[PDB]
Amino acid sequence: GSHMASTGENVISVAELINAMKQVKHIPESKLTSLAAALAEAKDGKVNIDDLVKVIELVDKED
């Protein structure tokens, strides 16, 4: 929805990255649910948004 958000972050917190991802990658339905859950169970709970959000949202196939 933003085409290119150009969001390259070091590591972002789960909620922060939820909204950021919402503004970074296409949102059909709430992919955020899956991305959030795995981010909550992540190693620190704060991780680089694209790698995590996208791998969860791509792999869980919540899309």
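Because the Cβ atoms are built from the backbone with ideal geometry, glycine has one as well, and the counts that use them run over all protein chains shown. Values in this text are rule-based calculations from the coordinates and carry no lab data.
Observations, loosely collected:
- Top-ranked residue in segment 1-31 [being within 10 Å of the chain's Cα centre (by Cα) and within 16 Å of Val59 (Cα to Cα); ranked as surrounded by the fewest Cβ atoms within 10 Å (Cβ to Cβ)]: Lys25
- Filter pass, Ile27 being touching a strand residue (DSSP E or B) at 6+ places or on another chain (Cβ under 8 Å) and in contact (Cβ under 8 Å) with a residue 12 or more places away in the chain: no
- Number of the condition not met by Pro28 [criteria: (1) more than 18 Å from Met4 (Cβ to Cβ); (2) part of a helix (DSSP H, G or I)]: (2)
- On inspection, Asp63 does not qualify as of a type outside the set (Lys, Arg), in a helix (DSSP H, G or I) and loosely packed, with under 14 Cβ neighbours inside 10 Å.
- Just one of (1) out of contact with any helix residue (DSSP H, G or I) (no Cβ under 9 Å at 6 or more places or on another chain); (2) in contact (Cβ under 8 Å) with a residue 24 or more places away in the chain; (3) not acidic (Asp, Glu) fails for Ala42. It is (1).
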